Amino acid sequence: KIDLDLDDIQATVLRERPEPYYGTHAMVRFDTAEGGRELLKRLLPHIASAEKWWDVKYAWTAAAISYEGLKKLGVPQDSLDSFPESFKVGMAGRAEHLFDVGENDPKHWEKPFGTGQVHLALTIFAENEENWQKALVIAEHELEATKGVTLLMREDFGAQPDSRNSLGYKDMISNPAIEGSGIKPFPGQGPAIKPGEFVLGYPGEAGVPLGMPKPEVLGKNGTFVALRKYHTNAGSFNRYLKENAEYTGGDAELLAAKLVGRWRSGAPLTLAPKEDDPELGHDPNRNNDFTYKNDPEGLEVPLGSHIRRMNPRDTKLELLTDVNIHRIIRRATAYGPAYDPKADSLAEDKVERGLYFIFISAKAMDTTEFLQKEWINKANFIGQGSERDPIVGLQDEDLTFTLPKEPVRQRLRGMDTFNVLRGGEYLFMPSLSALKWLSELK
């Protein structure tokens, strides 16, 4: 059944990223309360809802608002107080619960981020360059027309060869299935998570709705967003694959597969353990149909590989854990020059490429802080001590990655931080009704 008011929920909460994809991220500041309210009234016609999210849509526009954004809009103090504390503090201010330290410390963040300047994040997704522009010109026009707001930054994304990300992996394969979305999960995508884990106003896994913003028109059919921008050091990554390829029989593509858990083509190593299977990788009805019940030792998908860290499935962990409450919906967008596998100079790390991530969840701040602190930058849950995620963890050359083989558990060292945080924000992705309410304040 459809249990979700799809016509009130923003499209981005349920729509997969288009294939191929083009778009733009835009960070906006509200100079005056009335400027903010007006921008929303002008954008609101162009914010698509999640109606028939399984159908084709050549472009849609998303909007998500920071605490500072809500404050400036004039949201009353008793409504501001109903948002979680983490959201109030903002992402930079919560760096300690995110292990955003070292290279990722907020003092190094790119300009708009981490300062409270970002009030409104606008994202345009599109499947061809023509509808990207059509929606872009519409966005730019309404911005120009709104005195009282200024566009802080703007960056285009997508147009990647074969849609691969900034390290050449097929991304956007595994996202949680939502009970009540109207669509049965792809094989191996189950189980359908209770809808209140991802949309406010609805029961979660524990049977009751999560704490949500007040009044009901502001919080219902909304959700929370963790937006993070990374810079990718593909030079360092490439040199790492070459240096350590001896440990996977000279095959650098197998080593790239062991660090993520999937070949760059998308095939998971549980379904393609010895050689790539690019047709498997491209097929949504095949590329996710697996668990780890027959791989308890990480011989196929290593325990500390990226996808297995982020979604352990039936892996035995240290402490009891309901994986269902630690899921996140991801929208990844690669930006910058396309990834090149032969490029391994030091200067390749200086090419401005990377990823934007929009992580969506009714408790997005909690789950992002949880994943960052417990499953990316530690390995106690998998019994590998201080090993950290090879793709996005804050690496130290003397930390290791354990690559299980026959009959020896090989250890690798000398990793650099391959994806460096350039900034981020905790945002609130409001319902279509809540957006209208915000535009009619005061």
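When you see a residue number, it is the position in the sequence shown, counting from 1.
Taking the mean C-alpha B-factor of each stretch as recorded, 303-311 and 316-324 are not equal, and the higher mean is that of 316-324. The PDB entry records a higher mean C-alpha B factor for 406-414 than for its counterpart among 370-378 and 406-414. Note on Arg228, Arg330, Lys72, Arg262: the highest value goes to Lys72, judged by CA B factor as recorded. When all modelled residues of the chain are sorted by CA temperature factor, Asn238 is found within the middle third.
The entry lists a Cα temperature factor for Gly158 that places it in the middle third of the chain's modelled residues. When the CA B factors of the chain's modelled residues are split into thirds, the value for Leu210 lands in the highest one. Per-chain ranking of the deposited C-alpha B factor places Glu38 in the highest third. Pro45: CA B factor lies in the highest third for its chain, per the PDB record.
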